[PDB]
Amino acid sequence: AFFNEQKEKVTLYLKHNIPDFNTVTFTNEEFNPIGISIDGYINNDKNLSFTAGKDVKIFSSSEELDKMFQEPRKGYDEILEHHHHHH
């Protein structure tokens, strides 16, 4: 389902920019004027909350969860391709 794909992209994206990622818990699923909005937290820490909508094009998180990121934001397709291809 479309909602299921968004959850998979967000979970995979979170661990890619966060190697210390342990688990992700969703608890919102609200419809925003732009489209959809999903919010949740990782490491069973309510303080570490994150919010995202359509695809991983737009991603927002708290300052405590922002410092966790060590690499710049990248699209789901960008990380999936990893610039790796046959040649």
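Neighbour counts are summed over all protein chains in view; Cβ atoms, including those assigned to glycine, are modelled from backbone coordinates with ideal geometry. Just so you know, all these numbers are worked out from the coordinates, no wet-lab data involved.
Considered as a group, the residues in region 52-87 that are more than 20 Å from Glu8 (Cα to Cα) and of a type in the set (S, T, N, Q) include one that is surrounded by the fewest Cβ atoms within 10 Å (Cβ to Cβ), and that residue is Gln70. Within region 1-24, the residues that satisfy the criterion of being in contact (Cβ under 8 Å) with a residue 12 or more places away in the chain, among the charged types (D, E, K, R) and in a helix (DSSP H, G or I) are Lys7, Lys9. Tell me whether region 31-38 contains one or more residues that are touching a helix residue (DSSP H, G or I) at 6+ places or on another chain (Cβ under 6 Å) and among the small types (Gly, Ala, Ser). Looking for residues that are touching a helix residue (DSSP H, G or I) at 6+ places or on another chain (Cβ under 6 Å) and among the small types (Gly, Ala, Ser), one finds none in region 31-38, hence no. Can you find even one residue in region 27-35 that is out of contact with any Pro (no Cβ under 9 Å at 6 or more places or on another chain) and crowded, with 16+ Cβ neighbours inside 10 Å? Checked region 27-35: no residue is out of contact with any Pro (no Cβ under 9 Å at 6 or more places or on another chain) and crowded, with 16+ Cβ neighbours inside 10 Å. Number of residues in region 53-87 that are part of a loop (DSSP other than H, G, I, E, B), acidic (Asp, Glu) and within 25 Å of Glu30 (Cβ to Cβ) equals 1. For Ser49, indicate whether it is surrounded by 15 or more Cβ atoms within 10 Å (Cβ to Cβ), over 10 Å from the mean Cα position of the chain (by Cα) and over 16 Å from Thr11 (Cβ atoms). No; evaluated as a whole, the condition is false for this residue.
Does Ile42 qualify as being without any contact (Cβ under 8 Å) to a residue 12 or more places away in the chain, surrounded by 11 or more Cβ atoms within 10 Å (Cβ to Cβ) and under 24 Å from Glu30 (Cβ atoms)? No: the conditions fail for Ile42.
Taken over region 8-35, residues that are closer than 20 Å to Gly75 by Cα, hydrophobic (A, V, I, L, M, F, W, C) and touching a strand residue (DSSP E or B) at 6+ places or on another chain (Cβ under 8 Å) amount to 5.
The residues on offer are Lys7, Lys15, and the sole one that is closer than 18 Å to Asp66 by Cβ and among the basic types (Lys, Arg) is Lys15.
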